[PDB]
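Residue numbers (the authors' numbering), protein chains in the order written: chain F, 368 to 385, 391 to 408, 414 to 506, 518 to 534; chain G, 42 to 406; chain A, 648 to 705; chain E, 77 to 102, 109 to 152.
By construction, the Cβ of each residue, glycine as well, lies at the ideal position given by its N, Cα and C atoms.
For reference, the structure is listed below as structure tokens.
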Amino acid sequence: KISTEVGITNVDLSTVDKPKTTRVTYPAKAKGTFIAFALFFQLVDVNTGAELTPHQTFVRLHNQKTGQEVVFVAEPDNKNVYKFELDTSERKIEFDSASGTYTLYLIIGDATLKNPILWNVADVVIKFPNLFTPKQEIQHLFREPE
Amino acid sequence: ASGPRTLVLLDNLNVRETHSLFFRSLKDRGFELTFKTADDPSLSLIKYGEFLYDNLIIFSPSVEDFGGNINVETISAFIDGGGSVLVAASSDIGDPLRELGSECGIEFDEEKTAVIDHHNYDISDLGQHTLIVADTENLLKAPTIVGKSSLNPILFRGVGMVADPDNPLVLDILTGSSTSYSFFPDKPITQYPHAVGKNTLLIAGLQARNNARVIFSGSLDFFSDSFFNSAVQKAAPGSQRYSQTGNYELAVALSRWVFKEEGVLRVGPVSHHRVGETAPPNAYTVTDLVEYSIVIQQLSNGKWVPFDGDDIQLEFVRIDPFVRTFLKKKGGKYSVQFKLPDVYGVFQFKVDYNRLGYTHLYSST
Amino acid sequence: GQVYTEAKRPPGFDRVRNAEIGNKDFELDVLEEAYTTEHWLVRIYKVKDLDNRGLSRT
Amino acid sequence: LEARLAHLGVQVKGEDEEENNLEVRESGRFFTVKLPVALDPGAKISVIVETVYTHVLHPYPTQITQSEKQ
Ligand SMILES: *[C@@H]1O[C@H](CO)[C@@H](O[C@@H]2O[C@H](CO)[C@@H](O[C@@H]3O[C@H](CO[C@H]4O[C@H](CO[C@H]5O[C@H](CO)[C@@H](O)[C@H](O)[C@@H]5O)[C@@H](O)[C@H](O)[C@@H]4O)[C@@H](O)[C@H](O[C@H]4O[C@H](CO)[C@@H](O)[C@H](O)[C@@H]4O[C@H]4O[C@H](CO)[C@@H](O)[C@H](O)[C@@H]4O[C@H]4O[C@H](CO)[C@@H](O)[C@H](O)[C@@H]4O)[C@@H]3O)[C@H](O)[C@H]2NC(C)=O)[C@H](O)[C@H]1NC(C)=O
């Protein structure tokens, strides 16, 4: 095999209105808060303009309050770009409940590629809607004497 | 504990010489070892209802013909008869191995699969980013199962497995980092992969209701003397290079936990009586002082010393617990003195000790 | 379902209801047949345990 | 099999009966029999000894399905 690189352009994710758009670069996060959402990102090859498809292009959500995480996959059409549209009413089963603040990572990797990039594009806010432990100590409430 | 005699099934006899360290330690503890090929038409682990092998070890990926009496139902009946079964598959699983896994609630994957990760892999991979370096951060963290010392980054190559969330008993030991997805290598991804998140367990364990320890590990090679002696350095630029892998200590801990050596408990004679008496009188009366006593032994090197018992809870239950108290450790016996409630009927003293990595003990009088 | 109980009548026949069983064959997931009398008048079933390997056993 | 014993009878060639009494020697609860005619040196006597042992055949599988054999 021969080594290859990875580059992200355009970006400019936008909050969906039942539609403003904002853009950011690769090094840093996005200022502000976006509540749903479809982040767009054009993955091109570095050093020579070309269109590649990394083997792994999952998009990750981490919840700080509970510690749970949820991962999705962005599948391309024939537009040379991806799309991750959040229905905010669909995928009720995947998100059992909504948390205020979600941290959005972009995990991307390949065997041929030389460096996998994973940084939080922006913070996301989503408002769509024991077995072996000491059990609670129970006492008995005696009847009051007459 | 159990008996020392065990049976070892092999993919090929070469495993005797390449897994030398693990087998030598196992024999050093006294366990008698018999090696047989997984395709032998002569082996049998039961004869006239005897279970003539106490422990079973399966180091044979890529098998579909177990032998004379060994089937998936025979291994299931062996696990129902108190056996301790350790399996290890690596990218060559095979249909009966996957079926056996499905019989314990731990689903394997397709034959060609492998747990892949591109953030934490070591420089000794030389391939399609498949030699995973699982950190000791994401780990079950129970000193009975995994040991009581600090470890180093452990590394393995194999297939990923997921747990069925319907099982209350299944436990996950060494789940992979949030960068592993466990899909086909060298093939594009279309579906949703199998356990893409941090729920790619990679080393599972099952504790049956009759206290039968079963450890389904991926990565047969994880027990190979090549991984026991190789330094680890993640390919992320400039990661720390440890001298000792820290795989050997983990392996010995797992072996001592599945062959009933590190965590085992036993319930001795119980005794309950009126306060101020010596024998249990039939048909206690309402609001009568009652004393309860029970002994538990732990098998530390076979000594069966008294258990520590920080939090053991007695339940006085009719259909739902009327009383629930702690058992104060006093003179080797766990004795509590309490007054029976106003409600009459038949009742049940109940002790339940479900602790992670400890034998589940249950007693109701 | 497969016990003849009459002369000119199909096998799965019930005398008291004079009918034909709807489900001829089924399996008891949570019960073992402990005993059954000579004329199938009293049937005793032993309730089963939880599944050892912790399976569903619906 | 000294404890799982039920009966020990001793007869003689033809139709006959004999008497045995329990004895102790200084141990397997040896018995002694009193012959009808004492035998001189060089004689020969045929004595039939019949013993019955109870609870000595143990079932080896110890658990048999409704469609198996002992
Ligand atoms: C004829 O036959 C009938 C059936 O065979 C008999 O009936 C049974 O009778 C018993 C006793 O009366 C009933 O039990 C009680 O139900 C009460 C109402 O039910 C709740 O149901 C929900 C619970 O559901 C599940 O919840 C968890 C989920 O994991 C599960 O673990 C649990 O097992 C259950 O399956 C609940 O969500 C609802 O909100 C209802 O509350 C219930 O209040 C009773 O609970 C008591 O008692 C039990 C033990 O009896 C304790 O373990 C509880 O902690 C709770 O204890 C409180 O009361 C005790 C005495 O009353 C005190 O000692 C405790 O300290 C505690 O006190 C708190 O609350 C008091 C007020 O209630 C306060 O005064 C205190 O200060 C404390 O704050 C109990 O569960 C059965 O439901 C009932 N069966 C049926 C089918 O109805 C009937 O008796 C027979 N006839 C005769 C004449 O005998």
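- For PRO362 (chain G), the shortest separation between its Cβ and any heavy atom of ligand 1 lies below 8 angstroms.
- For the beta strand (DSSP E) assignment, the uninterrupted runs of no fewer than 3 residues enclosed by the stretch 133–203 of chain G are, from N- to C-terminal side, 173–175 and 195–197.
- Residue burial annotation: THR286 (chain G) is buried, with at least 16 other C-beta atoms found within 10 angstroms of its C-beta.
- Residues of chain G with a Cβ closer than 9 angstroms to the Cβ of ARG700 (chain A) are, in chain order, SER117, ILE120, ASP121, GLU144, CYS145, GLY146, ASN208, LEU210, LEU247, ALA249, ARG250, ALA253 and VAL255.
- Listed along chain G are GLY90, each with a C-beta nearer than 8 angstroms to that of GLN145 (chain E).
- If you check the C-beta of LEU529 (chain F) against ligand 1, you find a heavy atom less than 8 angstroms away.
- Close partners of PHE530 (chain F) in chain G (Cβ separation under 7 angstroms): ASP383.
- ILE99 (chain G) has its CB no nearer than 8 angstroms to any heavy atom of ligand 1.
- Under the DSSP assignment, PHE348 (chain G) falls outside any beta strand (DSSP E); it carries neither an H nor an E label.
- Nearest CB-CB separation between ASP672 (chain A) and chain G: not below the 9 angstroms threshold.
- With respect to chain G, the C-beta atom of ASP676 (chain A) has no partner C-beta closer than 9 angstroms.
- In this chain, the alpha helix (DSSP H) harbouring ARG297 (chain G) covers 288–299.
- Residues of the stretch 471–491 of chain F that bring their beta carbon within less than 8 angstroms of a beta carbon in chain G comprise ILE484, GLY486, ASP487, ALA488 and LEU490, in sequence order.
- By the criterion of a C-beta distance shorter than 6 angstroms, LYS368 (chain F) is surrounded in its chain by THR489, once the five residues flanking it on both sides are discounted.
- For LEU84 (chain G) against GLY108 (chain G), the beta-carbon gap comes to about 5 angstroms, under 8 angstroms, which counts as contact.
- In the DSSP assignment, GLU105 (chain G) falls outside any beta strand (DSSP E), carrying neither H nor E.
- Taken from the Cβ of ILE526 (chain F), at least one heavy atom of ligand 1 lies inside 8 angstroms.
- In the three-state reduction of the DSSP assignment, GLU132 (chain E) falls in the strand class, which pools E and B.
- Here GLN354 (chain G) is actually not in contact with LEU306 (chain G); their C-beta atoms are around 15 angstroms apart, not less than 8 angstroms.
- One alpha carbon belongs to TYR142 (chain E), the other to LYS88 (chain G), and they sit about 10 angstroms apart.
- At a cut-off of 9 angstroms between C-beta atoms, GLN281 (chain G) does not count as an interface residue with respect to chain F.
- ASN288 (chain G) is classed as buried because its beta carbon has at least 16 other beta carbons within 10 Å across all chains shown.
- Collapsing the DSSP output to three states places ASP213 (chain G) in a strand.
- Taking the Cα positions, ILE146 (chain E) is about 10 angstroms away from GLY90 (chain G).
- Residue nearest to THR231 (chain G) within the set F:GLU452, F:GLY477 and F:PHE461 is F:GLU452 (criterion: CA-CA distance).
- For the C-beta of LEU397 (chain G), the chain F residues within less than 9 angstroms are, from N- to C-terminus, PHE520.
- In terms of Cα proximity to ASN251 (chain G), the closest of A:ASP696, A:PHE673, A:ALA666 and A:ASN665 is A:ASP696.
- Look at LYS491 (chain F) here: in three-state DSSP terms it is coil, with no helix or strand label.
- Per DSSP, the beta-bridge partners of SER334 (chain G) are G:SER312.
- Bridge pairing for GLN389 (chain G): G:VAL358 [DSSP].
- Scanning G:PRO137, G:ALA129 and G:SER103 for the CA closest to the CA of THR115 (chain G) turns up G:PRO137.
- For the pair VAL273 (chain G) and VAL336 (chain G), the CB atoms are not nearer than the 9 angstroms cut-off.
- With a cutoff of 9 angstroms on beta-carbon distance, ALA245 (chain G) and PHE264 (chain G) are scored as not near each other.
- In summary, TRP687 (chain A) is exposed, with fewer than 16 beta-carbon neighbours lying within 10 Å of its beta-carbon over all protein chains present.
- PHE63 (chain G): member of the alpha helix (DSSP H) spanning 61–69, first to last residue.
- DSSP places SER117 (chain G) inside the alpha helix (DSSP H), whose first and last residues are 113–121.
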